[PDB]
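Peer 1: Below is the file run_12.cif, which contains mmCIF, C-alpha atoms.
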data_coords
loop_
_atom_site.label_atom_id
_atom_site.label_comp_id
_atom_site.auth_asym_id
_atom_site.auth_seq_id
_atom_site.Cartn_x
_atom_site.Cartn_y
_atom_site.Cartn_z
CA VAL A 21 0.00 0.00 0.00
CA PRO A 22 1.09 3.58 -0.78
CA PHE A 23 2.26 5.94 1.97
CA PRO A 24 1.16 9.58 2.42
CA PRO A 25 3.89 12.21 1.90
CA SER A 26 4.81 14.13 5.06
CA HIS A 27 6.06 17.04 2.95
CA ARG A 28 3.32 19.67 2.85
CA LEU A 29 2.97 21.71 -0.34
CA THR A 30 3.75 25.41 0.05
CA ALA A 31 2.01 28.42 -1.47
CA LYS A 32 4.80 29.04 -3.99
CA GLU A 33 4.49 25.33 -4.75
CA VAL A 34 0.75 25.41 -5.44
CA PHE A 35 0.61 28.89 -6.97
CA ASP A 36 2.97 30.06 -9.72
CA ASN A 37 4.45 33.53 -10.21
CA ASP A 38 1.30 34.36 -12.18
CA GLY A 39 -0.68 33.59 -9.03
CA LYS A 40 -2.30 30.67 -10.83
CA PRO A 41 -2.72 27.36 -8.96
CA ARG A 42 -1.19 24.19 -10.40
CA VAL A 43 -4.11 21.75 -10.37
CA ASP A 44 -1.67 19.29 -11.94
CA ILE A 45 0.75 19.42 -9.01
CA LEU A 46 -2.06 19.33 -6.45
CA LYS A 47 -3.95 16.49 -8.14
CA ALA A 48 -0.86 14.28 -8.22
CA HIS A 49 -0.04 15.12 -4.60
CA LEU A 50 -3.59 14.57 -3.33
CA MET A 51 -3.60 11.23 -5.15
CA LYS A 52 -0.67 10.23 -2.94
CA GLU A 53 -2.57 11.31 0.17
CA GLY A 54 -0.53 14.49 0.47
CA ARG A 55 -1.55 17.52 2.52
CA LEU A 56 -0.87 21.24 2.10
CA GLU A 57 0.36 23.89 4.53
CA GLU A 58 -2.20 25.36 6.93
CA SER A 59 -1.31 28.71 5.36
CA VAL A 60 -1.95 27.49 1.81
CA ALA A 61 -5.23 25.78 2.67
CA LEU A 62 -6.49 28.93 4.38
CA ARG A 63 -5.51 30.99 1.33
CA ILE A 64 -7.43 28.74 -1.06
CA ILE A 65 -10.56 28.71 1.11
CA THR A 66 -10.49 32.45 1.79
CA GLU A 67 -9.72 33.11 -1.88
CA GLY A 68 -12.67 31.00 -2.98
CA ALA A 69 -15.11 32.62 -0.56
CA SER A 70 -14.28 36.08 -1.90
CA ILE A 71 -15.21 34.98 -5.42
CA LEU A 72 -18.42 33.24 -4.36
CA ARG A 73 -19.39 36.24 -2.24
CA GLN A 74 -19.55 38.19 -5.50
CA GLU A 75 -21.94 35.63 -6.98
CA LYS A 76 -25.72 35.85 -6.59
CA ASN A 77 -28.07 33.43 -4.82
CA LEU A 78 -29.49 32.31 -8.16
CA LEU A 79 -26.93 32.40 -10.98
CA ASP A 80 -28.18 32.68 -14.56
CA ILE A 81 -25.79 31.49 -17.27
CA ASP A 82 -26.62 30.16 -20.73
CA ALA A 83 -23.95 27.58 -21.54
CA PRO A 84 -23.23 23.82 -21.64
CA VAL A 85 -22.38 22.57 -18.15
CA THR A 86 -22.26 19.21 -16.37
CA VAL A 87 -24.26 18.92 -13.15
CA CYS A 88 -22.83 16.73 -10.39
CA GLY A 89 -24.58 15.12 -7.44
CA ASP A 90 -23.57 14.79 -3.79
CA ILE A 91 -19.88 14.09 -3.22
CA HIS A 92 -19.67 13.53 0.53
CA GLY A 93 -15.97 14.33 0.76
CA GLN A 94 -15.50 11.46 -1.68
CA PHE A 95 -12.32 12.83 -3.25
CA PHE A 96 -11.36 9.33 -4.40
CA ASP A 97 -14.64 9.33 -6.33
CA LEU A 98 -14.23 12.93 -7.49
CA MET A 99 -11.03 12.11 -9.37
CA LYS A 100 -12.65 9.34 -11.41
CA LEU A 101 -15.72 11.47 -12.13
CA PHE A 102 -13.60 14.14 -13.81
CA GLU A 103 -11.91 11.39 -15.84
CA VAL A 104 -15.21 10.14 -17.26
CA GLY A 105 -16.77 13.58 -17.50
CA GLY A 106 -13.63 15.18 -18.87
CA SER A 107 -10.87 17.53 -17.74
CA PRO A 108 -12.10 20.70 -15.99
CA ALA A 109 -9.40 22.64 -17.84
CA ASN A 110 -11.69 22.70 -20.87
CA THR A 111 -14.91 21.33 -19.38
CA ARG A 112 -17.52 23.25 -17.38
CA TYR A 113 -18.71 21.53 -14.20
CA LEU A 114 -21.46 22.31 -11.69
CA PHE A 115 -21.81 20.91 -8.17
CA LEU A 116 -25.14 20.73 -6.35
CA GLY A 117 -23.40 20.96 -2.99
CA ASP A 118 -22.83 18.36 -0.28
CA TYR A 119 -19.05 18.12 -0.65
CA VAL A 120 -18.36 17.35 3.01
CA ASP A 121 -19.60 14.85 5.59
CA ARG A 122 -19.84 11.08 5.16
CA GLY A 123 -16.44 10.84 3.49
CA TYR A 124 -13.28 11.13 5.56
CA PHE A 125 -11.78 13.27 2.79
CA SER A 126 -14.07 16.30 2.83
CA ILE A 127 -11.08 18.61 3.26
CA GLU A 128 -9.53 17.27 0.06
CA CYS A 129 -12.79 17.88 -1.80
CA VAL A 130 -13.27 21.43 -0.55
CA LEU A 131 -9.62 22.32 -1.12
CA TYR A 132 -9.56 20.83 -4.62
CA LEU A 133 -12.99 22.26 -5.42
CA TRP A 134 -12.02 25.72 -4.15
CA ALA A 135 -8.72 25.74 -6.04
CA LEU A 136 -10.45 24.64 -9.24
CA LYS A 137 -13.05 27.38 -8.81
CA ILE A 138 -10.41 30.09 -8.45
CA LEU A 139 -8.54 28.82 -11.51
CA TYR A 140 -11.66 28.41 -13.65
CA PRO A 141 -14.40 30.45 -11.91
CA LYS A 142 -15.99 30.87 -15.34
CA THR A 143 -16.26 27.14 -16.03
CA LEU A 144 -16.55 25.64 -12.55
CA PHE A 145 -19.60 26.43 -10.42
CA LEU A 146 -20.26 25.22 -6.88
CA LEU A 147 -23.61 25.37 -5.07
CA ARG A 148 -24.35 25.14 -1.34
CA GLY A 149 -26.01 22.04 0.08
CA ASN A 150 -27.95 21.13 3.21
CA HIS A 151 -24.63 19.78 4.47
CA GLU A 152 -22.89 23.12 3.90
CA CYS A 153 -23.49 24.30 7.47
CA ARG A 154 -21.88 24.48 10.92
CA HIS A 155 -24.46 22.61 13.01
CA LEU A 156 -24.20 19.67 10.61
CA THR A 157 -20.41 19.81 10.33
CA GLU A 158 -20.25 19.69 14.13
CA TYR A 159 -22.38 16.55 14.28
CA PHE A 160 -20.64 14.81 11.38
CA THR A 161 -16.97 13.84 11.24
CA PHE A 162 -16.14 16.99 9.27
CA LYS A 163 -15.19 19.19 12.22
CA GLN A 164 -13.18 16.40 13.86
CA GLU A 165 -11.45 15.81 10.52
CA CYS A 166 -10.34 19.43 10.13
CA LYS A 167 -9.03 19.32 13.70
CA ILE A 168 -7.31 15.97 13.17
CA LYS A 169 -5.75 16.95 9.85
CA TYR A 170 -5.36 20.68 10.47
CA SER A 171 -7.10 22.77 13.14
CA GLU A 172 -10.23 24.74 14.03
CA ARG A 173 -8.79 27.63 12.03
CA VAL A 174 -9.38 25.83 8.73
CA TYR A 175 -12.79 24.56 9.83
CA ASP A 176 -14.05 28.04 10.70
CA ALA A 177 -12.72 29.35 7.39
CA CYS A 178 -14.70 26.77 5.42
CA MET A 179 -17.87 27.57 7.35
CA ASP A 180 -17.64 31.29 6.56
CA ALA A 181 -16.79 30.41 2.95
CA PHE A 182 -19.71 28.01 2.55
CA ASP A 183 -22.05 30.86 3.48
CA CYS A 184 -20.81 32.55 0.31
CA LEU A 185 -21.88 29.63 -1.88
CA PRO A 186 -24.89 30.06 -4.21
CA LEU A 187 -28.30 28.57 -3.43
CA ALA A 188 -29.42 27.83 -6.99
CA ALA A 189 -28.57 28.41 -10.65
CA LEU A 190 -30.60 28.91 -13.83
CA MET A 191 -28.94 27.01 -16.67
CA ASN A 192 -30.09 28.37 -20.03
CA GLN A 193 -32.87 30.16 -18.15
CA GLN A 194 -34.76 26.90 -18.63
CA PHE A 195 -33.36 24.43 -16.10
CA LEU A 196 -33.22 25.08 -12.36
CA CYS A 197 -30.18 23.72 -10.51
CA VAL A 198 -30.73 23.10 -6.80
CA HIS A 199 -29.91 20.71 -3.96
CA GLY A 200 -33.32 19.98 -2.46
CA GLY A 201 -35.96 21.37 -4.79
CA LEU A 202 -38.80 23.89 -4.81
CA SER A 203 -40.27 25.70 -1.80
CA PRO A 204 -43.78 26.71 -0.64
CA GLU A 205 -42.61 30.21 0.28
CA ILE A 206 -40.99 30.55 -3.15
CA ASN A 207 -43.27 30.75 -6.19
CA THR A 208 -41.02 33.08 -8.18
CA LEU A 209 -37.33 33.69 -8.89
CA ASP A 210 -37.61 37.01 -7.05
CA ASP A 211 -38.49 35.11 -3.87
CA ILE A 212 -35.03 33.55 -4.00
CA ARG A 213 -33.16 36.77 -4.80
CA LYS A 214 -34.72 38.38 -1.72
CA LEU A 215 -33.05 35.61 0.30
CA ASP A 216 -29.95 35.91 2.48
CA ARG A 217 -27.14 33.58 1.42
CA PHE A 218 -24.44 35.07 3.66
CA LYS A 219 -25.66 33.20 6.75
CA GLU A 220 -26.25 29.80 8.34
CA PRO A 221 -29.23 27.69 7.21
CA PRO A 222 -31.98 27.55 9.87
CA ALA A 223 -33.75 24.38 10.99
CA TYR A 224 -36.62 25.56 8.79
CA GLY A 225 -37.72 28.18 6.28
CA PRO A 226 -37.52 28.83 2.53
CA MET A 227 -33.73 28.71 2.22
CA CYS A 228 -33.61 25.59 4.40
CA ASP A 229 -36.43 23.82 2.56
CA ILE A 230 -34.80 24.36 -0.84
CA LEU A 231 -31.74 22.59 0.58
CA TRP A 232 -33.86 20.00 2.37
CA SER A 233 -36.67 19.92 -0.19
CA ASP A 234 -37.57 16.42 -1.40
CA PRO A 235 -40.17 14.69 -3.60
CA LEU A 236 -43.16 12.86 -2.12
CA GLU A 237 -42.80 9.17 -1.24
CA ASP A 238 -45.08 8.62 -4.24
CA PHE A 239 -43.98 11.14 -6.87
CA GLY A 240 -45.93 8.93 -9.25
CA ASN A 241 -48.83 6.81 -8.02
CA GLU A 242 -50.50 9.40 -5.79
CA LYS A 243 -54.05 9.10 -4.46
CA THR A 244 -54.38 12.29 -2.42
CA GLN A 245 -52.87 14.78 -4.86
CA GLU A 246 -51.42 17.03 -2.16
CA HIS A 247 -49.12 19.80 -3.39
CA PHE A 248 -46.92 20.24 -0.32
CA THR A 249 -46.58 18.12 2.82
CA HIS A 250 -44.46 17.84 5.97
CA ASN A 251 -41.21 15.93 5.49
CA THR A 252 -41.57 13.25 8.15
CA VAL A 253 -38.95 11.09 6.45
CA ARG A 254 -36.13 13.63 6.38
CA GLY A 255 -37.35 14.82 9.76
CA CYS A 256 -37.57 18.37 8.43
CA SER A 257 -38.62 20.54 5.48
CA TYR A 258 -41.51 19.52 3.22
CA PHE A 259 -42.37 17.26 0.29
CA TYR A 260 -43.39 18.25 -3.24
CA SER A 261 -45.66 16.18 -5.47
CA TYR A 262 -45.78 15.77 -9.25
CA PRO A 263 -48.60 18.34 -9.55
CA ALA A 264 -46.83 20.73 -7.18
CA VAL A 265 -43.62 20.89 -9.20
CA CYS A 266 -45.48 20.96 -12.51
CA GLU A 267 -47.34 24.02 -11.24
CA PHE A 268 -44.21 25.94 -10.25
CA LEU A 269 -42.49 25.14 -13.54
CA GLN A 270 -45.39 26.31 -15.71
CA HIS A 271 -45.66 29.46 -13.60
CA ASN A 272 -41.92 30.08 -13.95
CA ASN A 273 -41.88 28.73 -17.50
CA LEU A 274 -39.16 26.24 -16.58
CA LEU A 275 -38.12 23.15 -18.54
CA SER A 276 -36.97 20.86 -15.73
CA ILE A 277 -35.48 20.86 -12.24
CA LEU A 278 -32.03 19.30 -11.90
CA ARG A 279 -30.85 18.48 -8.37
CA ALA A 280 -29.63 15.74 -6.04
CA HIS A 281 -29.78 15.13 -2.29
CA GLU A 282 -31.27 11.74 -3.17
CA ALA A 283 -29.01 8.71 -3.58
CA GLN A 284 -29.60 6.67 -6.73
CA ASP A 285 -28.61 3.10 -7.58
CA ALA A 286 -27.89 4.27 -11.13
CA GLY A 287 -26.47 7.62 -10.08
CA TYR A 288 -29.59 9.29 -11.45
CA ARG A 289 -33.39 9.11 -11.59
CA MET A 290 -36.02 10.61 -13.89
CA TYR A 291 -39.35 11.74 -12.45
CA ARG A 292 -42.76 12.02 -14.12
CA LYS A 293 -42.49 14.07 -17.32
CA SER A 294 -44.67 17.03 -18.30
CA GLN A 295 -47.97 16.25 -20.02
CA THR A 296 -47.02 18.81 -22.65
CA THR A 297 -43.33 18.16 -23.33
CA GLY A 298 -41.74 14.73 -23.32
CA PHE A 299 -39.26 15.94 -20.71
CA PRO A 300 -38.97 15.00 -17.01
CA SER A 301 -40.37 17.54 -14.55
CA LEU A 302 -37.65 16.62 -12.06
CA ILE A 303 -34.25 14.92 -12.20
CA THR A 304 -32.03 13.56 -9.43
CA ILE A 305 -28.27 13.26 -9.92
CA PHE A 306 -25.94 11.35 -7.59
CA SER A 307 -22.17 11.49 -8.02
CA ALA A 308 -21.48 9.51 -4.84
CA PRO A 309 -20.80 5.84 -5.69
CA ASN A 310 -20.86 3.11 -3.05
CA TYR A 311 -22.83 5.30 -0.64
CA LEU A 312 -21.98 4.69 3.02
CA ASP A 313 -19.29 2.39 1.62
CA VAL A 314 -22.04 -0.23 1.87
CA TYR A 315 -24.53 0.28 -0.96
CA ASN A 316 -23.21 -0.77 -4.37
CA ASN A 317 -24.90 2.17 -6.11
CA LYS A 318 -23.28 3.81 -9.13
CA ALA A 319 -22.60 7.49 -9.81
CA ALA A 320 -23.31 9.78 -12.76
CA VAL A 321 -23.34 13.40 -13.94
CA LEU A 322 -25.73 15.39 -16.13
CA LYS A 323 -24.16 17.05 -19.17
CA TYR A 324 -26.28 19.61 -21.02
CA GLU A 325 -24.90 21.03 -24.26
CA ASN A 326 -26.18 22.04 -27.69
CA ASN A 327 -29.70 21.13 -26.56
CA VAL A 328 -28.41 17.67 -25.64
CA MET A 329 -28.71 15.94 -22.27
CA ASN A 330 -25.95 13.34 -21.94
CA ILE A 331 -25.79 11.23 -18.78
CA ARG A 332 -22.43 9.73 -17.83
CA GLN A 333 -22.37 6.83 -15.36
CA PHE A 334 -19.39 5.51 -13.40
CA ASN A 335 -18.52 3.01 -10.67
CA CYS A 336 -16.94 3.52 -7.25
CA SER A 337 -13.20 4.04 -6.80
CA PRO A 338 -10.53 2.41 -4.60
CA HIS A 339 -9.76 3.95 -1.21
CA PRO A 340 -8.23 3.16 2.21
CA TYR A 341 -10.26 1.88 5.17
CA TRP A 342 -11.13 4.29 7.98
CA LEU A 343 -12.74 3.42 11.31
CA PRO A 344 -15.84 5.24 12.64
CA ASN A 345 -15.14 8.60 14.28
CA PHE A 346 -11.47 7.96 13.53
CA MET A 347 -11.52 5.43 16.37
CA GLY B 376 -39.62 10.56 -25.64
CA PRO B 377 -37.53 13.72 -25.13
CA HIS B 378 -38.44 16.46 -27.61
CA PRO B 379 -34.88 17.84 -27.83
CA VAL B 380 -31.66 15.86 -28.25
CA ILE B 381 -30.44 13.35 -25.66
CA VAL B 382 -27.71 10.73 -25.36
CA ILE B 383 -26.15 8.35 -22.84
CA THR B 384 -22.87 6.47 -22.41
CA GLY B 385 -22.12 3.05 -20.94
CA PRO B 386 -21.24 2.14 -17.34
CA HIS B 387 -17.79 1.30 -15.98
CA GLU B 388 -18.72 -2.19 -14.77
CA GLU B 389 -22.16 -3.78 -15.03
CA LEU B 390 -23.36 -5.09 -11.66
CA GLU B 391 -26.62 -6.97 -12.19
#
What is this structure when it is put down as structure tokens?

Peer 2:
Amino acid sequence: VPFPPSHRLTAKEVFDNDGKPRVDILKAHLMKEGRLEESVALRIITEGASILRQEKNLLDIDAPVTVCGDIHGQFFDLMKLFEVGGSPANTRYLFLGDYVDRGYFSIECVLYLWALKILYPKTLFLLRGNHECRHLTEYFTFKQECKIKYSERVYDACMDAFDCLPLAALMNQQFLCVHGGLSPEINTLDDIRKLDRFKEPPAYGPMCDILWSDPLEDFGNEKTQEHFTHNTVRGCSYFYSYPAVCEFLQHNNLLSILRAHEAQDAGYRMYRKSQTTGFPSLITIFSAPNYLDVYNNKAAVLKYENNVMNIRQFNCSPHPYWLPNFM
Amino acid sequence: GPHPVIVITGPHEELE
């Protein structure tokens, strides 16, 4: 088995004279289980937050981009994804959030994701997920990880940076990119713009729901026909039905809603399509293979370009074994 | 079927 390099990469080692990061040098290092200097890591995080802070809650860009599902600090799975989806140097990617928690390599994902965003902030977009919070990071093994690998300094930095991440994005002003889904307190795009991103997600509300939003247990064979309902499964938020989403779309003249937050055995799942257009009203993307290291589910990413929706599927990747709570 | 264009690639290792 390979051994992790004790030599930590320095700023001048990651960033060239032009101030541009060497994703090539970092990628190779990370692949060997290498870590960077506390100073460098803080620079990348802080540098990424500044850029995101300039972004709006709901970004609107008309261009071919590939949507990715939950990562769960699955760096080992993030490397393979880029291989199948293509190099980010000339390929536009879009994350739906959830880059930390679950995986014992959340730091590697955030660091690599942040560095890639600063290098190609016009081709790489990152959204905030229900996991992008402090309360959650404290409960999960994220906080402990940052303290075990680095310190509370890096953890706090990420938290403040995550608050700068976008909530949603309008791809081609037709598709809506989100983590959870629609919200009852949000029937228009303006409702989202009037939202506060620079802050922590509450246990409830519009911003929280969108991140915790989820389809009804029967987004198909429904008997009641309820639009919105309490999310008893997730233990919070609400649930949207086929008729509920179809109503919001028509009102907002949207094509489809691309998001994740829901694990899929095939890395993706298509929901009931519109009665008018032969397109799915909702779509779930999952880029986290072998969820919980138990399920043998596959991963995939949505690629929209030239009016073409290409779905790329991939299997899990090799990684070391880690005990629970780093026990 | 999907009105617009749509494609799909193959997996990395069929399971079932």

Peer 1: What does the PyMOL selection byres ((chain B and resi 387) around 6) select in this file, as a ChimeraX atom specification?

Peer 2: /A:334-335 /B:386,388

Peer 1: Convert the output of the PyMOL selection byres ((chain B) within 6 of (chain A)) on the shown file into explicit residues, formatted as an MDAnalysis selection string.

Peer 2: chainID B and resid 376:378 380:384 386:387

Peer 1: To verify the selection step, state as a ChimeraX atom specification which residues the PyMOL selection byres ((chain A and resi 182) around 10) yields on this input.

Peer 2: /A:65,68-69,72-73,117,130,146-149,151-154,176-181,183-186,217-220

Peer 1: Can you tell me which residues surround residue A:188 at a distance of at most 9 Å, considering all atoms listed in the file, apart from same-chain residues fewer than 2 positions away, and format the answer as a PyMOL selection string?

Peer 2: chain A and resi 76-79+116+147-148+186+190+196-199+212+230

Peer 1: The residues within 10 Å of (8.0, 18.6, 1.8), using all atoms listed in the file and the coordinates of the file, should be reported as a ChimeraX atom specification; which are they?

Peer 2: /A:25-30,54-57

Peer 1: To one decimal place in Å, what is the distance between atom CA of residue A:294 and atom CA of residue A:202?

Peer 2: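 Going from atom CA of residue A:294 over to atom CA of residue A:202 covers 16.2 Å.
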
Peer 1: Between atom CA of residue A:292 and atom CA of residue A:209, what is the distance in Å, rounded to a tenth?

Peer 2: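 We find that atom CA of residue A:292 and atom CA of residue A:209 lie 22.9 Å from each other.
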
Peer 1: Suppose you want the space between atom CA of residue A:37 and atom CA of residue A:71; what is it in Å?

Peer 2: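 Atom-to-atom, atom CA of residue A:37 to atom CA of residue A:71, that is 20.3 Å.
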
Peer 1: Fewer than 5 positions away in the same chain doesn't count, so skip those; otherwise give me all residues within 10 Å of residue A:312, counting only C-alpha atoms, as a PDB file with C-alpha atoms, keeping the file's coordinate frame.

Peer 2:
ATOM      1  CA  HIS A  92     -19.670  13.530   0.530  1.00  0.00           C
ATOM      2  CA  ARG A 122     -19.840  11.080   5.160  1.00  0.00           C
ATOM      3  CA  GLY A 123     -16.440  10.840   3.490  1.00  0.00           C
ATOM      4  CA  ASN A 317     -24.900   2.170  -6.110  1.00  0.00           C
TER       5      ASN A 317
END

Peer 1: A:289, A:32, A:163, A:214: which is nearest residue A:175, counting all atoms listed in the file?

Peer 2: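 Checking each of A:289, A:32, A:163, A:214 against residue A:175, counting all atoms listed in the file, the winner is A:163.
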
Peer 1: With distances taken over all atoms listed in the file, which residue among A:90, A:44, A:103, A:82 lies nearest residue A:132?

Peer 2: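 Answer, going by the shortest atom-to-atom distance: A:44.
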
Peer 1: Within 8 Å of (-25.9, 7.5, -5.8), in the coordinates the file gives, what residues turn up when you count only C-alpha atoms, written out as a count of residues only?

Peer 2: 20

Peer 1: When distances are computed from only C-alpha atoms, which of A:247, A:62, A:34, A:192 shows the smallest separation from residue A:49?

Peer 2: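 Distance minimum relative to residue A:49 lands on A:34.
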